[PDB]
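Asker: Supplied in structure tokens, the structure appears directly below.
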Amino acid sequence: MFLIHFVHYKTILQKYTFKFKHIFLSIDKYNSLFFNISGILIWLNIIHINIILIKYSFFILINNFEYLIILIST
Amino acid sequence: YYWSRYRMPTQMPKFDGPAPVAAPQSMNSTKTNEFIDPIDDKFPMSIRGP
């Protein structure tokens, strides 16, 4: 039987906060140092030189993977 | 892939245009170094220094 009619209180208080980072926030990426390329030399069958900026080059990279390439002041 | 590392991160500079100022370009008989800077070696040691 029913004796009464009432209004339904509830305590919805969130007072605690637990947020956990999903895994992919910590995954790696590939980051690189970046300087302005002053020049480039490519050689595979035939050598080719491109010069963007002529200055005394303070750093030089050599990379052999497919074609021989030399990145000047890179 | 293990190779996914060796991709280019940035777009590499295109070759749009002609050989640079005082480039080595070789006529009928010319002894040409790609290596030696044409303009900065010709410039007197007296001035530029050793």
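Each chain of the structure tokens is named A, B, ... in the order shown, its residues numbered from 1; ligands are numbered from 1 in display order.
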Set the distance at 9 Å and use only C-alpha atoms: which residues neighbour residue 58 (chain A) once local chain neighbours fewer than 2 positions away are removed? I'd like the list as an mmCIF file with N, CA and C atoms, in the first residue's frame.
Answerer:
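Below you can see result19.cif, which holds the result:
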data_model
loop_
_atom_site.group_PDB
_atom_site.id
_atom_site.type_symbol
_atom_site.label_atom_id
_atom_site.label_comp_id
_atom_site.auth_asym_id
_atom_site.auth_seq_id
_atom_site.Cartn_x
_atom_site.Cartn_y
_atom_site.Cartn_z
ATOM 1 N N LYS A 55 77.796 30.511 -47.501
ATOM 2 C CA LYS A 55 78.466 31.013 -46.313
ATOM 3 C C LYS A 55 79.463 29.966 -45.871
ATOM 4 N N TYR A 56 80.360 30.347 -44.967
ATOM 5 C CA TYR A 56 81.223 29.356 -44.358
ATOM 6 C C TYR A 56 80.332 28.397 -43.561
ATOM 7 N N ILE A 60 78.289 19.769 -41.101
ATOM 8 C CA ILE A 60 78.060 18.994 -42.328
ATOM 9 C C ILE A 60 77.565 17.559 -42.113
ATOM 10 N N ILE A 72 74.803 20.448 -46.395
ATOM 11 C CA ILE A 72 75.804 21.447 -45.990
ATOM 12 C C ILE A 72 75.192 22.571 -45.138
ATOM 13 N N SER A 73 75.833 22.812 -43.988
ATOM 14 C CA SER A 73 75.383 23.718 -42.913
ATOM 15 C C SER A 73 73.969 23.396 -42.441
ATOM 16 N N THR A 74 73.623 22.118 -42.501
ATOM 17 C CA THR A 74 72.227 21.696 -42.529
ATOM 18 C C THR A 74 71.439 22.072 -41.291
#
Asker: May I ask you to extract the residues of chain B within 8 Å of chain A, using only C-alpha atoms, and to give them as number ranges by chain?
Answerer: B: 5, 15, 20
Asker: Would you kindly return, as a PyMOL selection string, each protein, DNA or RNA residue with an atom no farther than 10 Å from any atom of residue 37 (chain B), considering only C-alpha atoms and excluding same-chain residues fewer than 6 positions away?
Answerer: (chain A and resi 54) or (chain B and resi 22-24)
Asker: Apply DSSP to the backbone of this structure and, from region 2-66 of chain A, keep only the residues in strand (DSSP E); write these as an mmCIF file with C-alpha atoms, in the first residue's frame.
Answerer:
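Contents of the output file states01.cif:
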data_model
loop_
_atom_site.group_PDB
_atom_site.id
_atom_site.type_symbol
_atom_site.label_atom_id
_atom_site.label_comp_id
_atom_site.auth_asym_id
_atom_site.auth_seq_id
_atom_site.Cartn_x
_atom_site.Cartn_y
_atom_site.Cartn_z
ATOM 1 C CA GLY A 39 73.438 23.585 -49.507
ATOM 2 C CA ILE A 40 72.984 20.019 -50.776
ATOM 3 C CA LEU A 41 75.052 17.538 -52.754
ATOM 4 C CA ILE A 42 73.477 14.425 -54.226
ATOM 5 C CA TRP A 43 75.298 11.614 -55.988
ATOM 6 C CA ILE A 47 76.566 14.156 -59.109
ATOM 7 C CA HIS A 48 74.321 17.178 -58.641
ATOM 8 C CA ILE A 49 74.915 20.253 -56.492
ATOM 9 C CA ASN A 50 72.429 22.727 -55.185
ATOM 10 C CA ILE A 51 73.563 25.822 -53.333
ATOM 11 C CA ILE A 60 78.060 18.994 -42.328
ATOM 12 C CA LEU A 61 75.918 15.850 -42.645
ATOM 13 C CA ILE A 62 76.549 12.751 -44.702
ATOM 14 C CA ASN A 63 73.868 10.228 -45.340
#
